[PDB]
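There are 2 protein chains.
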Amino acid sequence: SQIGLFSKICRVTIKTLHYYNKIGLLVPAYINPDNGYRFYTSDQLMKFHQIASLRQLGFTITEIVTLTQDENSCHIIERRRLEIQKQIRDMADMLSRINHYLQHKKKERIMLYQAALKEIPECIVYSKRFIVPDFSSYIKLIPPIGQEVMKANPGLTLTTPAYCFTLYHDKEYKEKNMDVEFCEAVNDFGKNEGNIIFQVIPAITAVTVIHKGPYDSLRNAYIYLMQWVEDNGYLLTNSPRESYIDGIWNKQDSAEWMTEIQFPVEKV
Amino acid sequence: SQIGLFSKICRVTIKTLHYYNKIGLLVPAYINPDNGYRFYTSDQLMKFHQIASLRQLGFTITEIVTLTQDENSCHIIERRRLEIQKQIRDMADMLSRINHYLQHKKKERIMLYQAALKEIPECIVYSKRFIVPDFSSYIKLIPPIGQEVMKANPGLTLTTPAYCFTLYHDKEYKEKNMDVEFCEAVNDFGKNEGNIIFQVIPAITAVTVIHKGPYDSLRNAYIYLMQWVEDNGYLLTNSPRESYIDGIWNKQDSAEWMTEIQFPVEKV
DNA sequence: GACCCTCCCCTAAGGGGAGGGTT
DNA sequence: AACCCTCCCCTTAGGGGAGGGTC
Ligand code: 118
Ligand code: 118
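Respectively, the protein sequence lines represent chains H and G.
Basically the entry's author numbering = 1-based index in the first sequence + 1.
Basically the entry's author numbering = 1-based index in the second sequence + 1.
Listed below in structure tokens is the structure:
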């Protein structure tokens, strides 16, 4: 049976049989040495049946050329099973995220904020945890606190990129008397000085929202990220970080201040 | 911010930034004309965050270009949601099939029947539906039909490849009172003289196993296909077909015979 | 007329490397 | 040596077509 008749038997393309014969899977029974014509037999039809049965299970071709010659191999099936379970767990997540995106675009005409998961590696920061009356005074109190460290610690150098951020160790919404902790990543351990300490901030997976604008409207970003966490079946693991990428130190216009909200989060 | 600093800010590879600059997804704020060095800006990070937020939902790159360049594109998000649900159905199907495959392979070292889900197109057949006293006697009455149809309808040409099957119209198991119908795909219509009639058989999606060996062991393949149907949550929609690939007409060896059992099913 | 072969380029989203540049 | 660039080839499972030959 020539390649066309066999390709009509299996309901498959001739190019598929060519590719298979090239890769070594499903080699034909008789190759005409004069013109190269590939002739097939029903013994090849029964082989293509199991080839298609494995292909319908998601196995890649190099997995099939192992499954069909190394007959005892069973770990390559449990591996694909765990892979399928991971794919389902990711696809359901993506479906919930798309549903949330659609709900938000229906409610508001514009996707002002856009959540995105990212992996934040651990870093050595110098930290000062204290109580502030409000956010405005906290912004004023940060730079002298940084100056104290960079003066009293020779050889201390900031990290590139400059990961400078704050943590909010409250559990409920506190407009005032906020137990904020300011941190700034350093290349290595420095010595403690007074109330300012050093520590390692653990590596986290976090959903992130960048907020372009003034600081007095970060409540919108926090409300959006909390809605995202509650909706998509996630759980806030740790205190929410807030990363200062751009601000009064780098730009003079308040409308171009760029800050990134980070929610350390884990899935339930 | 140079490309090396930006790749660490974004926590992505450099070649990703090169690809996004080449396709036009993320273009640097300023490219040095002589060297070619790409330089980035906070407003490029604000856009890479959008790129990542959309790519974590599984959007293709061109869909991301269409989404960030053209607003009011909620039809593309709906398309992606429908495709996500389709992929979730297919992944759950794959998971159930590989669970069944593991349940059988870790039970018995050899796989006797692989199961493949293939779509059979519609065809024109001549058929004789009659009660057969036994399956052993069933094979005997077929060549009479085969001669009679070619004698009554001259020039009637069978299709290629030959689709010759049996329709087991019994909704319950029995040995001696089998209500079966022998069908054979033919190119064009003919006369319906006698109990042999012409008809079309609707196109079906069917799970199929290929049975190699004599016709007494077919109950094994039928029980296996029923077990597959019950395990994988399919529903048997129509009467099972039995496609005779190889038989007494091509090969004298009874262990070289081949036959394909087809179960018309739908996913419910 | 139909059918079949090899050879070449293409997919999506980058990965890896070679060779050249500059401070 | 540290970064940077462009250019070329590579990944899947085959698709599409050109040019040439065969039944
Ligand atoms: C030590 C402590 C704080 C700051 Sb900064 C800053 C600088 C670079 C990158 C990120 C943050 C600052 C403020 C004024 C002038 C110069 C630098 C800072 C400001 C507000 C909130 C958080 C951090 C700097 C050093
Ligand atoms: C018309 C009807 C049936 C068959 Sb045959 C067959 C052919 C030659 C010699 C003996 C038998 C068949 C099928 C099932 C049971 C008994 C006979 C047949 C079927 C498929 C492919 C090729 C031949 C052929 C023409």
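Even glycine gets a Cβ: it sits at the ideal position worked out from N, Cα and C.
If you measure from each CB to the nearest heavy atom of ligand 1, the residues under 5 Å come out as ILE143(H), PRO144(H), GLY147(H), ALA163(H), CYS165(H), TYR245(H), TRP250(H). Judged by their CB atoms, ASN188(H) and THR158(H) are nearer to each other than the 8 Å cut-off.
Residue environment for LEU18(H): buried (at least 16 other C-beta atoms within 10 angstroms of its C-beta). For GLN3(H), the closest C-alpha among the options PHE40(H), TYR31(H), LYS16(H) is that of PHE40(H).
In this structure, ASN233(G) keeps its C-beta atom at 8 Å or more from the C-beta atom of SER74(G).
For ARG39(G), the closest Cβ of chain H is not nearer than 8 Å. The beta carbon of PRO29(H) is closer than 7 Å to those of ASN22, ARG39, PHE40, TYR41, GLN45 in its chain, skipping five residues each way along the sequence. Around the CB of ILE99(H), 16 or more other CB atoms lie within 10 Å, so the residue is classed as buried. At least one heavy atom of ligand 2 falls within 7 Å of the beta-carbon of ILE140(G). For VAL187(G), the enclosing beta strand (DSSP E) has its first and last residue at 179-187. Annotation for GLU185(G) indicates a beta carbon within 7 Å of some heavy atom of ligand 2.
The Cβ of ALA204(H) sits no closer than 8 Å to any Cβ of chain G. From the beta-carbon of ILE198(H), no residue of chain G is found nearer than 7 Å; the closest lies around 26 Å away. Taking 8 Å as the Cβ-Cβ cut-off, the segment 46-68 of chain G approaches chain H at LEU46, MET47, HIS50, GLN51, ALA53, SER54, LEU55, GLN57, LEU58, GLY59, given in chain order. Remark: the C-beta of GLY195(G) is outside contact range of ligand 2, defined as less than 7 Å to any heavy atom.
Classified as exposed, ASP217(G) has fewer than 16 neighbouring CB atoms from the shown chains inside 10 Å of its CB.
Rounded to the nearest angstrom, the gap between the Cα atoms of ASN221(G) and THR14(H) is 31 Å. Residue-level contact by beta carbon fails for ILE24(H) and chain G, as no gap is shorter than 8 Å. The DSSP-derived three-state label of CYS75(G) is helix. By the criterion of a C-beta distance shorter than 7 Å, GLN57(H) is surrounded by no residue of its chain, once the five residues flanking it on both sides are discounted. When only Cα atoms are considered, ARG12(H) and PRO122(G) end up about 10 Å apart.
The residue from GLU84(G), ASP71(G), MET92(G) with its alpha-carbon nearest to that of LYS87(H) is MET92(G).
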